[PDB]
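Asker: Contents of protein_31.txt (compact mmCIF, N, CA and C atoms) are given next:
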# COMPACT_ATOMS: atom_id res chain seq x y z
N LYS O 273 -6.28 89.21 -2.01
CA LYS O 273 -6.25 90.65 -2.21
C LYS O 273 -7.24 91.34 -1.28
N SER O 274 -6.97 92.61 -0.98
CA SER O 274 -7.83 93.39 -0.09
C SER O 274 -8.49 94.53 -0.85
N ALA O 275 -9.33 95.29 -0.15
CA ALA O 275 -10.03 96.42 -0.76
C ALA O 275 -9.13 97.65 -0.83
N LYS O 276 -9.43 98.54 -1.76
CA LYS O 276 -8.65 99.76 -1.93
C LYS O 276 -9.22 100.90 -1.08
N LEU O 277 -8.34 101.63 -0.41
CA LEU O 277 -8.75 102.75 0.43
C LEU O 277 -9.26 103.91 -0.41
N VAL O 278 -10.33 104.55 0.05
CA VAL O 278 -10.91 105.68 -0.66
C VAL O 278 -10.51 107.00 -0.01
N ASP O 279 -9.85 107.86 -0.78
CA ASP O 279 -9.41 109.16 -0.29
C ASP O 279 -10.48 110.22 -0.52
N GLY O 280 -11.69 109.94 -0.04
CA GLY O 280 -12.78 110.88 -0.21
C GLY O 280 -13.52 111.15 1.09
N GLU O 281 -14.60 110.40 1.32
CA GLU O 281 -15.39 110.56 2.53
C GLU O 281 -15.29 109.32 3.42
N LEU O 282 -14.49 109.43 4.47
CA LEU O 282 -14.30 108.32 5.40
C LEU O 282 -15.25 108.43 6.59
N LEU O 283 -15.71 107.29 7.08
CA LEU O 283 -16.63 107.26 8.22
C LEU O 283 -15.86 107.22 9.54
N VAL O 284 -16.50 107.68 10.60
CA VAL O 284 -15.88 107.70 11.92
C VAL O 284 -16.67 106.86 12.92
N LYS O 285 -17.97 106.70 12.64
CA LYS O 285 -18.84 105.92 13.51
C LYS O 285 -19.85 105.13 12.69
N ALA O 286 -20.17 103.92 13.15
CA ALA O 286 -21.12 103.07 12.46
C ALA O 286 -21.99 102.30 13.46
N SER O 287 -23.30 102.50 13.38
CA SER O 287 -24.23 101.83 14.27
C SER O 287 -25.59 101.65 13.60
N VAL O 288 -26.26 100.54 13.92
CA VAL O 288 -27.57 100.25 13.35
C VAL O 288 -28.68 100.73 14.26
N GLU O 289 -29.63 101.47 13.69
CA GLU O 289 -30.76 101.99 14.46
C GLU O 289 -31.70 100.87 14.89
N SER O 290 -32.54 100.42 13.96
CA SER O 290 -33.49 99.36 14.24
C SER O 290 -34.01 98.74 12.94
N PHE O 291 -34.97 97.83 13.07
CA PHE O 291 -35.55 97.16 11.92
C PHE O 291 -37.04 97.47 11.80
N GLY O 292 -37.58 97.29 10.60
CA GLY O 292 -38.99 97.56 10.37
C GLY O 292 -39.64 96.54 9.45
N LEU O 293 -40.96 96.61 9.33
CA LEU O 293 -41.69 95.69 8.47
C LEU O 293 -41.90 96.27 7.08
N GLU O 294 -41.45 95.53 6.07
CA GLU O 294 -41.58 95.98 4.68
C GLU O 294 -42.20 94.89 3.82
N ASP O 295 -43.39 95.17 3.28
CA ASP O 295 -44.09 94.21 2.44
C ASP O 295 -43.89 92.79 2.94
N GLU O 296 -44.08 92.60 4.25
CA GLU O 296 -43.92 91.28 4.85
C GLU O 296 -42.45 91.00 5.16
N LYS O 297 -41.57 91.39 4.24
CA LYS O 297 -40.14 91.19 4.40
C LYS O 297 -39.59 92.05 5.53
N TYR O 298 -38.47 91.63 6.10
CA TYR O 298 -37.84 92.37 7.19
C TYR O 298 -36.67 93.21 6.68
N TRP O 299 -36.63 94.47 7.10
CA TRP O 299 -35.56 95.37 6.68
C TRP O 299 -34.85 95.97 7.90
N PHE O 300 -33.61 96.40 7.70
CA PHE O 300 -32.82 96.99 8.77
C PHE O 300 -32.34 98.38 8.39
N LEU O 301 -32.26 99.27 9.38
CA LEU O 301 -31.82 100.64 9.15
C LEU O 301 -30.37 100.82 9.61
N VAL O 302 -29.48 101.06 8.65
CA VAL O 302 -28.07 101.26 8.96
C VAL O 302 -27.71 102.74 8.94
N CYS O 303 -27.18 103.23 10.06
CA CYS O 303 -26.79 104.63 10.18
C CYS O 303 -25.30 104.76 10.46
N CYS O 304 -24.73 105.89 10.08
CA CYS O 304 -23.30 106.14 10.28
C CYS O 304 -23.01 107.64 10.31
N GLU O 305 -21.98 108.02 11.06
CA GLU O 305 -21.59 109.42 11.17
C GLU O 305 -20.19 109.65 10.62
N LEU O 306 -19.99 110.79 9.98
CA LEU O 306 -18.69 111.12 9.40
C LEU O 306 -17.99 112.21 10.23
N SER O 307 -16.76 112.54 9.85
CA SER O 307 -15.99 113.55 10.55
C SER O 307 -16.46 114.95 10.16
N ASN O 308 -17.29 115.03 9.13
CA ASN O 308 -17.81 116.31 8.66
C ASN O 308 -19.26 116.50 9.10
N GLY O 309 -19.77 115.55 9.87
CA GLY O 309 -21.14 115.63 10.34
C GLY O 309 -22.14 115.09 9.33
N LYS O 310 -21.68 114.17 8.49
CA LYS O 310 -22.54 113.57 7.47
C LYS O 310 -23.21 112.30 8.00
N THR O 311 -24.41 112.02 7.50
CA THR O 311 -25.15 110.84 7.92
C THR O 311 -25.95 110.26 6.76
N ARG O 312 -25.93 108.93 6.64
CA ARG O 312 -26.66 108.25 5.58
C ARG O 312 -27.49 107.10 6.14
N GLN O 313 -28.59 106.78 5.45
CA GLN O 313 -29.47 105.70 5.89
C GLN O 313 -29.92 104.87 4.69
N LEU O 314 -29.59 103.58 4.72
CA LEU O 314 -29.96 102.67 3.64
C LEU O 314 -30.46 101.34 4.20
N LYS O 315 -31.39 100.72 3.49
CA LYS O 315 -31.95 99.43 3.91
C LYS O 315 -31.36 98.29 3.09
N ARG O 316 -31.13 97.16 3.75
CA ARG O 316 -30.57 95.99 3.08
C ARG O 316 -31.10 94.70 3.70
N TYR O 317 -30.54 93.57 3.27
CA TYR O 317 -30.96 92.27 3.79
C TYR O 317 -29.90 91.68 4.71
N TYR O 318 -30.29 90.66 5.47
CA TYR O 318 -29.38 90.01 6.39
C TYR O 318 -28.25 89.30 5.64
N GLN O 319 -28.53 88.91 4.40
CA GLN O 319 -27.54 88.22 3.58
C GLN O 319 -26.41 89.17 3.19
N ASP O 320 -26.76 90.42 2.91
CA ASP O 320 -25.77 91.42 2.53
C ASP O 320 -24.65 91.50 3.57
N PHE O 321 -25.04 91.51 4.84
CA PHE O 321 -24.07 91.59 5.93
C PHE O 321 -23.20 90.34 5.98
N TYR O 322 -23.82 89.19 5.76
CA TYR O 322 -23.11 87.92 5.79
C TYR O 322 -22.03 87.88 4.71
N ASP O 323 -22.38 88.35 3.52
CA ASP O 323 -21.44 88.37 2.40
C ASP O 323 -20.27 89.31 2.69
N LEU O 324 -20.55 90.38 3.43
CA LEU O 324 -19.52 91.35 3.78
C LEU O 324 -18.49 90.74 4.72
N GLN O 325 -18.96 89.97 5.69
CA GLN O 325 -18.08 89.33 6.66
C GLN O 325 -17.20 88.28 5.98
N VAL O 326 -17.79 87.52 5.06
CA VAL O 326 -17.07 86.48 4.34
C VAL O 326 -15.89 87.07 3.57
N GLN O 327 -16.07 88.29 3.08
CA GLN O 327 -15.02 88.97 2.32
C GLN O 327 -13.98 89.57 3.25
N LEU O 328 -14.41 89.96 4.45
CA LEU O 328 -13.52 90.55 5.44
C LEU O 328 -12.54 89.51 5.98
N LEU O 329 -13.03 88.29 6.17
CA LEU O 329 -12.19 87.21 6.68
C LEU O 329 -11.01 86.95 5.75
N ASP O 330 -11.26 87.05 4.45
CA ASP O 330 -10.21 86.83 3.46
C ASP O 330 -9.41 88.11 3.22
N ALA O 331 -10.11 89.23 3.10
CA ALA O 331 -9.46 90.51 2.87
C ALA O 331 -8.40 90.79 3.93
N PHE O 332 -8.80 90.73 5.20
CA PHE O 332 -7.88 90.98 6.30
C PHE O 332 -7.66 89.71 7.12
N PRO O 333 -6.74 88.86 6.66
CA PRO O 333 -6.42 87.60 7.33
C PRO O 333 -5.69 87.82 8.66
N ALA O 334 -4.86 88.85 8.71
CA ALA O 334 -4.11 89.17 9.91
C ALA O 334 -5.04 89.49 11.07
N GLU O 335 -6.06 90.31 10.80
CA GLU O 335 -7.02 90.70 11.82
C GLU O 335 -7.89 89.51 12.23
N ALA O 336 -7.91 88.48 11.39
CA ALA O 336 -8.69 87.28 11.67
C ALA O 336 -7.84 86.20 12.32
N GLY O 337 -6.64 86.59 12.77
CA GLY O 337 -5.75 85.64 13.41
C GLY O 337 -5.26 84.57 12.45
N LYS O 338 -4.46 84.98 11.47
CA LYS O 338 -3.92 84.05 10.49
C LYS O 338 -2.40 84.14 10.43
N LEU O 339 -1.89 85.36 10.30
CA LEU O 339 -0.44 85.58 10.23
C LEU O 339 0.05 86.34 11.46
N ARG O 340 1.34 86.24 11.74
CA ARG O 340 1.93 86.92 12.88
C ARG O 340 2.76 88.12 12.43
N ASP O 341 2.59 89.24 13.11
CA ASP O 341 3.32 90.46 12.78
C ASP O 341 4.82 90.18 12.67
N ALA O 342 5.58 91.20 12.30
CA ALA O 342 7.02 91.07 12.16
C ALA O 342 7.69 90.81 13.51
N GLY O 343 7.16 91.44 14.55
CA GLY O 343 7.71 91.27 15.88
C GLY O 343 7.67 92.55 16.70
N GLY O 344 8.10 93.65 16.09
CA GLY O 344 8.11 94.93 16.78
C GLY O 344 6.73 95.54 16.88
N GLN O 345 5.95 95.43 15.81
CA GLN O 345 4.60 95.98 15.79
C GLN O 345 3.63 95.07 16.54
N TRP O 346 2.82 95.66 17.41
CA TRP O 346 1.85 94.91 18.19
C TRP O 346 0.43 95.41 17.93
N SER O 347 -0.40 94.55 17.36
CA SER O 347 -1.78 94.92 17.06
C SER O 347 -2.73 93.76 17.37
N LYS O 348 -3.90 94.09 17.90
CA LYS O 348 -4.90 93.08 18.24
C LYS O 348 -5.56 92.52 16.99
N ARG O 349 -5.40 91.21 16.78
CA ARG O 349 -5.99 90.55 15.62
C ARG O 349 -7.44 90.18 15.88
N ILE O 350 -8.31 91.18 15.88
CA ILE O 350 -9.73 90.95 16.11
C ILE O 350 -10.52 91.02 14.81
N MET O 351 -11.53 90.16 14.69
CA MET O 351 -12.37 90.12 13.50
C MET O 351 -13.81 89.79 13.85
N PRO O 352 -14.76 90.45 13.16
CA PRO O 352 -16.19 90.24 13.39
C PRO O 352 -16.66 88.87 12.92
N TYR O 353 -17.39 88.17 13.78
CA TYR O 353 -17.90 86.84 13.45
C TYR O 353 -19.42 86.82 13.50
N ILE O 354 -20.02 85.94 12.70
CA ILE O 354 -21.47 85.81 12.66
C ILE O 354 -21.96 84.79 13.68
N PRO O 355 -23.04 85.14 14.39
CA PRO O 355 -23.64 84.26 15.41
C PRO O 355 -24.32 83.04 14.79
N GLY O 356 -24.23 82.93 13.47
CA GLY O 356 -24.84 81.80 12.78
C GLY O 356 -26.26 82.10 12.34
N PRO O 357 -26.65 81.55 11.18
CA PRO O 357 -27.99 81.75 10.62
C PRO O 357 -29.06 81.02 11.43
N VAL O 358 -30.29 81.53 11.35
CA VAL O 358 -31.41 80.93 12.07
C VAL O 358 -32.56 80.61 11.13
N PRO O 359 -33.11 79.39 11.24
CA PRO O 359 -34.23 78.94 10.41
C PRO O 359 -35.53 79.66 10.75
N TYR O 360 -35.84 79.73 12.04
CA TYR O 360 -37.06 80.39 12.50
C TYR O 360 -36.75 81.39 13.60
N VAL O 361 -36.33 82.59 13.21
CA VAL O 361 -36.00 83.64 14.17
C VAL O 361 -37.24 84.10 14.92
N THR O 362 -37.17 84.06 16.25
CA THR O 362 -38.29 84.47 17.08
C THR O 362 -38.22 85.96 17.41
N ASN O 363 -39.24 86.46 18.09
CA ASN O 363 -39.29 87.87 18.46
C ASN O 363 -38.05 88.27 19.25
N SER O 364 -37.69 87.45 20.23
CA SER O 364 -36.52 87.72 21.06
C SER O 364 -35.24 87.68 20.23
N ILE O 365 -35.15 86.69 19.35
CA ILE O 365 -33.98 86.54 18.50
C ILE O 365 -33.84 87.71 17.53
N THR O 366 -34.98 88.19 17.02
CA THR O 366 -34.98 89.31 16.09
C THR O 366 -34.38 90.56 16.73
N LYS O 367 -34.66 90.75 18.01
CA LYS O 367 -34.14 91.91 18.74
C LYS O 367 -32.62 91.84 18.85
N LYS O 368 -32.11 90.67 19.21
CA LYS O 368 -30.67 90.48 19.35
C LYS O 368 -29.97 90.64 18.01
N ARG O 369 -30.63 90.21 16.94
CA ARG O 369 -30.07 90.31 15.60
C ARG O 369 -29.78 91.76 15.24
N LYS O 370 -30.75 92.63 15.48
CA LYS O 370 -30.60 94.05 15.18
C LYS O 370 -29.51 94.68 16.04
N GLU O 371 -29.40 94.21 17.28
CA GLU O 371 -28.40 94.72 18.21
C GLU O 371 -26.99 94.31 17.77
N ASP O 372 -26.83 93.04 17.43
CA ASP O 372 -25.54 92.52 16.99
C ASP O 372 -25.04 93.27 15.77
N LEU O 373 -25.96 93.66 14.90
CA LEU O 373 -25.61 94.39 13.68
C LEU O 373 -24.93 95.72 14.02
N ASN O 374 -25.42 96.37 15.07
CA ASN O 374 -24.86 97.65 15.50
C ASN O 374 -23.44 97.46 16.05
N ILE O 375 -23.21 96.33 16.69
CA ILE O 375 -21.90 96.03 17.26
C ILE O 375 -20.92 95.57 16.18
N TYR O 376 -21.42 94.78 15.24
CA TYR O 376 -20.59 94.27 14.15
C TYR O 376 -20.10 95.41 13.26
N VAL O 377 -21.02 96.29 12.88
CA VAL O 377 -20.68 97.42 12.03
C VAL O 377 -19.82 98.44 12.78
N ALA O 378 -20.21 98.72 14.03
CA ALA O 378 -19.48 99.67 14.85
C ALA O 378 -18.04 99.20 15.09
N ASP O 379 -17.86 97.89 15.19
CA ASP O 379 -16.54 97.32 15.42
C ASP O 379 -15.60 97.66 14.27
N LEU O 380 -16.13 97.66 13.06
CA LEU O 380 -15.34 97.97 11.87
C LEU O 380 -14.71 99.36 11.98
N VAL O 381 -15.52 100.34 12.37
CA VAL O 381 -15.05 101.71 12.52
C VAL O 381 -14.13 101.85 13.72
N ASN O 382 -14.27 100.93 14.68
CA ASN O 382 -13.44 100.95 15.88
C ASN O 382 -12.24 100.03 15.73
N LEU O 383 -11.85 99.77 14.48
CA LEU O 383 -10.71 98.90 14.20
C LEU O 383 -9.41 99.69 14.23
N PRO O 384 -8.34 99.06 14.75
CA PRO O 384 -7.02 99.68 14.84
C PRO O 384 -6.37 99.88 13.48
N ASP O 385 -6.95 99.26 12.46
CA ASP O 385 -6.43 99.37 11.10
C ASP O 385 -7.29 100.29 10.26
N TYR O 386 -6.97 100.39 8.97
CA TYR O 386 -7.72 101.25 8.06
C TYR O 386 -8.98 100.55 7.56
N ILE O 387 -9.30 99.42 8.19
CA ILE O 387 -10.48 98.65 7.81
C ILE O 387 -11.75 99.49 7.94
N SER O 388 -11.77 100.37 8.94
CA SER O 388 -12.92 101.23 9.18
C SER O 388 -13.36 101.91 7.88
N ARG O 389 -12.42 102.54 7.20
CA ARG O 389 -12.72 103.23 5.95
C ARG O 389 -12.61 102.27 4.76
N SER O 390 -12.48 100.98 5.06
CA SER O 390 -12.37 99.97 4.02
C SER O 390 -13.42 100.18 2.94
N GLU O 391 -13.08 99.82 1.71
CA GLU O 391 -14.00 99.96 0.58
C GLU O 391 -15.14 98.96 0.68
N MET O 392 -14.86 97.81 1.27
CA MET O 392 -15.87 96.76 1.43
C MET O 392 -16.94 97.19 2.43
N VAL O 393 -16.50 97.72 3.56
CA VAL O 393 -17.42 98.16 4.60
C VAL O 393 -18.11 99.47 4.21
N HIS O 394 -17.35 100.35 3.56
CA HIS O 394 -17.89 101.64 3.12
C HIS O 394 -19.04 101.44 2.14
N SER O 395 -18.95 100.39 1.33
CA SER O 395 -19.99 100.10 0.35
C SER O 395 -21.32 99.80 1.03
N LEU O 396 -21.26 99.48 2.31
CA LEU O 396 -22.46 99.17 3.08
C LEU O 396 -23.17 100.45 3.51
N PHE O 397 -22.39 101.49 3.78
CA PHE O 397 -22.95 102.77 4.20
C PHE O 397 -23.12 103.71 3.00
N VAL O 398 -23.81 103.23 1.98
CA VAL O 398 -24.05 104.03 0.78
C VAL O 398 -25.30 103.56 0.05
N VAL O 399 -25.92 104.47 -0.70
CA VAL O 399 -27.12 104.15 -1.46
C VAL O 399 -26.78 103.53 -2.81
N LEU O 400 -27.15 102.26 -2.98
CA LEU O 400 -26.89 101.55 -4.22
C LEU O 400 -27.97 101.84 -5.26
N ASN O 401 -27.58 102.49 -6.35
CA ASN O 401 -28.52 102.82 -7.41
C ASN O 401 -29.89 103.15 -6.84
N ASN O 402 -29.91 103.93 -5.76
CA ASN O 402 -31.16 104.32 -5.12
C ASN O 402 -31.62 105.69 -5.61
Here is the file; what I need is its structure written in the form of structure tokens.
Answerer:
Amino acid sequence: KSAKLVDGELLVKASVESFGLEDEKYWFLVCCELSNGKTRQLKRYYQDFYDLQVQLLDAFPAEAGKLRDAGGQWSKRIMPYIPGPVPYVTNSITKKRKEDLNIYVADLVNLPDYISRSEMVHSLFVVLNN
């Protein structure tokens, strides 16, 4: 099964700003722009993003290169993949991590399908009981 589309506030752009130091722990700043000029900022963990991708692979199997279209319709079966977890992320690695996040999230909004406004991805650009 896949996520249900929300007929409310859909996003048009998704990109990650940067990361900061929080009580020793590492946090990331996720930003996004709407068609109405709306913007939200929420902090999360690296695991949150990983869990989102795992659900996307199953949610949209076609985009992950699993099934073949009917024949007449032609769409690129592209899906966001994780560069793999790291035991001891270095300074250089930390920089690339924050950058990849901006590309991974931005890719969702730049999808040829309705995945951009997907409920799974949209849940990332929102304040959870904050």
Asker: Can you pull out the residues contacting residue 380 of chain O? Cut-off 7 Å, using only N, CA and C atoms, and skip same-chain residues under 6 positions away; I want them as a ChimeraX atom specification.
Answerer: /O:387-389
Asker: Can you write just those residues out, N, CA and C atoms, as a CSV table (one decimal), in the frame of the given file?
Answerer:
chain,number,residue,atom,x,y,z
O,387,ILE,N,-9.3,99.4,8.2
O,387,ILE,CA,-10.5,98.6,7.8
O,387,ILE,C,-11.8,99.5,7.9
O,388,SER,N,-11.8,100.4,8.9
O,388,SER,CA,-12.9,101.2,9.2
O,388,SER,C,-13.4,101.9,7.9
O,389,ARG,N,-12.4,102.5,7.2
O,389,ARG,CA,-12.7,103.2,6.0
O,389,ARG,C,-12.6,102.3,4.8
Asker: Calculated over only N, CA and C atoms, which of the candidates O:297, O:308, O:334, O:327 has the smallest distance to residue 347 of chain O?
Answerer: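 Distance minimum relative to residue 347 of chain O lands on O:334.
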Asker: To one decimal in Å, tell me the separation between atom CA of residue 295 of chain O and atom N of residue 362 of chain O.
Answerer: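 Result for atom CA of residue 295 of chain O versus atom N of residue 362 of chain O: 18.5 Å, one decimal.
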Asker: Quick one: of O:320, O:294, O:289, O:341, who's nearest to residue 371 of chain O, counting all atoms listed in the file?
Answerer: O:289
Asker: Of the candidates O:350, O:301, O:393, O:339, which shows the shortest atom-to-atom distance to residue 314 of chain O, using all atoms listed in the file?
Answerer: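 Ranking O:350, O:301, O:393, O:339 by distance to residue 314 of chain O, first place goes to O:301.
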Asker: Using the chain letters and numbers from this document, which residues of chain O does DSSP assign to alpha helix (DSSP H), as a ChimeraX atom specification?
Answerer: /O:318-331,363-381,391-394
